[PDB]
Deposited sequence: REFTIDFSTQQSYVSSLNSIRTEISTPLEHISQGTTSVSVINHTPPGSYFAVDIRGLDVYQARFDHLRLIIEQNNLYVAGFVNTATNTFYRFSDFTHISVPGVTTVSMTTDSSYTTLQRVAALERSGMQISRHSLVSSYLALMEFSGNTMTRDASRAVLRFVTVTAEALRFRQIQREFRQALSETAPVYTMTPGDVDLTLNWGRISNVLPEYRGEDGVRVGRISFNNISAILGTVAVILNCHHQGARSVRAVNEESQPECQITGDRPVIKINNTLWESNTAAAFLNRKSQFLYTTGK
């Protein structure tokens, strides 16, 4: 399965993301309005991927058109990138189970964790700037990349492209904030700490939202939603938790407390303190 993400306009970009979501996921019964939902990734066998062709970096122009991303379908991780000019798939070390036919697969020493990518890139996601211009620069860096080990510029490019493709697929919030950069004003999108926190809590969110039944709020670690419009404005696609990222420990997804749906592990993590006087004096 191949999809295009077309960066030409906000319309073309959001259209691209919505088409992907429609094909790979199914709306939650209780978090869906019109055709805008929180959707659960449909089950595929392990190792299943879809391809994303990057288009429209130069608005409506058939150039800068040799970059494809390989995305593991069950978790939306970018497994690597394809230079379609050289027919080469540069694959992260944590995706040796992802087999793409017809391409030369270069198995990389670099893993795809954000820790690794931020280190090699010398670039923190919190405060990372993304613009049409830096997406073109990222594209060129990835087309120039060769070898089995990610460089700084290739890693910066992957950080930017993963944010505006896979993370935006997961989070309507990131879709909405980033897409302003595609307008004729060409502003800069700056990834916020809140954006980063959403990406880091995606699995936890995925375990909690299927339990939602119209509670006044949802609390998942540092993440809070106060109404269905906040949920829908923030989250678009979650894991199918009925993946290892769905569970940290224990077996209780949620606790309803005062008409708020809590991730049970969050509540447990502030209800495990003993008597304060005994804690502080027992040094």
Self-check item: Deposited positions without coordinates, collected into consecutive stretches in sequence order
Solution: 243-256
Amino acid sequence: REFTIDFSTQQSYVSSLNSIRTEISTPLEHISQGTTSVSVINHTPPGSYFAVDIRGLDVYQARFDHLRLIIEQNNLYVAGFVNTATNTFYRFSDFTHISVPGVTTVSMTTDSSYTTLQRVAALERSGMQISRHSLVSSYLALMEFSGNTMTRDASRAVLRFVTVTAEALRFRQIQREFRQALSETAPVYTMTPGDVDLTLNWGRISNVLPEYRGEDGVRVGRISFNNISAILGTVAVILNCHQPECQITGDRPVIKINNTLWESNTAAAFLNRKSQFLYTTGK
From here on, numbers count along this sequence of modelled residues.
Quiz item: Of 202-210 and 147-155, which one has the bigger average CA B-factor?
Solution: 147-155
Exercise. Decide which of the stretches 230-238 and 60-68 has the higher mean C-alpha B-factor, going by the entry.
Key: 60-68
Quiz item: From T165, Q173, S113, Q129, can you pick the one with the highest C-alpha B factor in the entry?
Solution: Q129
Self-check item: Highest recorded Cα temperature factor - choice among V196, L76, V188, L142
Solution: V188
Quiz prompt | Where the record places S32 (Cα B-factor, split into thirds across the chain) | solution = middle
Quiz item: How does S39 rank on Cα B-factor within its chain, lowest, middle or highest third?
Solution: lowest
Exercise. Please rank the C-alpha B-factors of the chain's modelled residues and tell me whether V218 sits in the lowest, middle or highest third.
Key: lowest
Self-check item: Among modelled residues of the same chain, the CA temperature factor third for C246
Solution: highest
Self-check item: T260 CA temperature factor, ranked by third within the chain
Solution: middle
